[PDB]
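Overview (structure and organization)
For reference, the chains in residue letters:
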Amino acid sequence: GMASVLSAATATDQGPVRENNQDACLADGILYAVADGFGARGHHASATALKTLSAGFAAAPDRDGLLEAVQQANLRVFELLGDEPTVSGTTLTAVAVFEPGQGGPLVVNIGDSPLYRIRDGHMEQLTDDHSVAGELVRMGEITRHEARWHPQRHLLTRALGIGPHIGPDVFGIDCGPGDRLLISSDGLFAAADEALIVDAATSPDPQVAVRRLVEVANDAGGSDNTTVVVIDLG
Ligand SMILES: [Cl-]
Ligand SMILES: [Mg+2]
Ligand SMILES: [Mg+2]
Ligand SMILES: [Mg+2]
């Protein structure tokens with residue numbers, strides 16, 4: 001029988017507008033993550049968060065261990081950047097594709113780098129965005145569709161590395177054989193046509209998918225860094 005993860009691919013692209021690529025991604029065994037950094041040291045924040053997350057998960061690759069790795073990542077980034085004249089930090093969305101005996105796949109997320117599931121040709125967002133716009137969506141006041149270009153979607157309400165305490169969302173992922181997961185930074189949906197994003201995301205080869213997703217985002221203007229992780233499940 002099949003493993004829970006069949007294959008995965010990642011891509012990151014600075015795009016033609018931003019002066020730095022402050023996004024980072026991770027694909028490490030059953031652990032996958034995207035971190036979207038912000039601020040003068042946003043690159044430092046996202047890279048340090050993922051380095052720390054990877055190390056912590058390796059030392060304790062279970063649900064509690066993943067949560068304590070996210071706490072560790074928060075503290076490490078805060079210790080390194082918290083002293084700076086301006087605020088820098090990062091989002092973090094991590095997925096651990098645990099087998100059923102370890103509770104099944106788990107998402108831990110902070111900020112606005114979403115997790116999507118692609119099932120039967122549909123792509124749906126599984127996570128809450130911790131932004132001003134994300135709160136409006138939660139309450140039913142705007143659609144997700146609406147929210148992608150809301151003037152306040154860039155105002156984060158949770159981030160890693162900006163203080164000593166964080167409360168990420170933590171939930172199991174309802175997924176199974178044939179499903180695909182996509183973790184992305186917000187840059188993917190900054191401007192491109194949703195149908196075109198789904199077309200790219202559904203490309204049979206995950207390595208083609210991630211390249212097409214970066215191309216779609218850049219063709220549409222590439223206003224932000226775009227980073228994607230595609231995971232095919234078994
Ligand atoms: Cl930048
Ligand atoms: Mg960023
Ligand atoms: Mg313990
Ligand atoms: Mg971004």
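This write-up is about the structure you can find in this document.

Comments concerning the overall build of the protein chain
Check the secondary structure of the protein chain and you find six helices and eleven strands. Its C-alpha atoms give the protein chain a radius of gyration of 16 Å, near enough to 17 Å, the size a compact globule of 234 residues would have. In terms of overall dimensions, the protein chain has C-alpha extents of about 50 × 40 × 35 Å along its principal axes. The 234 residues of the protein chain split such that 51% are buried. Taking all contacts inside the protein chain whose residues are at least 6 apart in sequence as the whole, residues at least 24 apart take part in 69%. Computed over 15 positive and 32 negative side-chain charges, the inter-centroid distance for the protein chain is 1 Å.

Overview of the packing of helix α1 (residues 42-59) against helix α2 (residues 63-81)
At a minimum axis distance of 8 Å, the contact between α1 and α2 shows a crossing angle of 145 degrees. Crossing geometry of α1 relative to α2 is assigned as right-handed. Contacts from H44, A45, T48, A49, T52, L53, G56 and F57 in α1 reach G65, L66, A69, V70, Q72, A73, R76, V77, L80 and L81 in α2. When grouped by side-chain class, the residues that make up the contact of α1 with α2 number eleven nonpolar, six polar and one charged.

Remarks on the coordination of the magnesium ion (ligand 2)
Each protein donor to the magnesium ion (ligand 2) is listed here as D36 (OD) and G37 (O); together their distances run 2.0 to 2.1 Å. Taken as a pair, the magnesium ion (ligand 2) and the magnesium ion (ligand 4) lie 3.8 Å from each other and share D36 as a ligand.

Quick notes on the packing of helix α5 (residues 194-201) against helix α6 (residues 206-219)
Two numbers describe how α5 lies on α6: the axes approach to 8 Å, and their chain directions differ by 160 degrees. Relative to α6, the element α5 lies roughly antiparallel. Residue-level contacts link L196, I197, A200 and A201 of α5 to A209, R212, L213 and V216 of α6. Split by residue class, the contact of α5 with α6 holds seven nonpolar, no polar and one charged.

Details of the packing of aromatic side chains
Using the criterion set out here, one finds two aromatic pairs in the structure. Their ring planes at 45 degrees and their centres at 5.9 Å tell us that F57 and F98 sit as a pair that is tilted. In this pair, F57 is assigned in helix α1 and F98 in the loop between β5 (92-96) and β6 (106-110), connecting sequence segments 41 residues apart. As far as burial versus exposure is concerned, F57 and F98 are alike and both buried. Aromatic pair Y116 and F189: ring centres 5.4 Å apart, planes at 20 degrees, arrangement stacked. Here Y116, found in strand β7 (residues 115-119), pairs with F189, found in the loop between β10 (180-184) and α5; they are 73 residues apart in sequence, far enough to count as distant. Of the residues examined, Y116 reaches a relative accessible area of 6% and is grouped as buried. Residue class for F189 comes out buried when judged on its relative accessible area of 14%.

So, the coordination of the magnesium ion (ligand 4)
Summarising the metal site, the magnesium ion (ligand 4) is bound by the protein donors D36 (OD), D186 (OD) and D224 (OD), whose distances to it range over 2.0 to 2.1 Å. In primary-sequence terms, the residues that donate to the magnesium ion (ligand 4) follow D-x149-D-x37-D.

Describing the pairing of strand β2 (residues 23-28)
When β2 meets strand β3 (residues 31-38), the two strands line up antiparallel, connected through six bridges. Bridged to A24 within β3 is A35. Hairpin connection, β2 to β3: the antiparallel pair is bridged by two residues, and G29 has positive phi, about 60 degrees.

Parameters at a glance
- Residues numbered from 1 in each chain as written, not as in the entry; some residues may be left out.
- Chains lettered and ligands numbered in written order.
- Heavy atoms only, no water.
- Helix = DSSP H or I, 4+ residues; strand = E, 2+ residues; numbered from the N terminus.
- Rg over C-alpha atoms; globule rule 2.2 N^0.38 Å.
- Buried < 20%, exposed > 50% of the residue type's maximum accessible area, 1.4 Å probe, protein only.
- Contact = heavy atoms within 4.5 Å.
- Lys, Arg positive; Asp, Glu negative; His and termini not counted.
- Charge placed at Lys NZ, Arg CZ, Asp CG, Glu CD.
- Axes fitted to C-alpha atoms, helices over the stretch in contact; angles between N-to-C directions.
- Left-handed = near helix turned anticlockwise from the far one by under 90°.
- Nonpolar A, V, L, I, M, F, W, Y, C, P; charged D, E, K, R; others polar.
- Donors = N, O, S within 2.8 Å, 3.2 Å for Na, K, Ca; no water.
- Parallel < 35°, antiparallel > 145°, perpendicular 65-115°, else oblique.
- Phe/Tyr/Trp six-rings, centres within 6.5 Å; stacked < 30°, edge-to-face > 60°.
- Pairing = 2+ DSSP bridges.

Any functional reading would require information beyond the geometric quantities listed.
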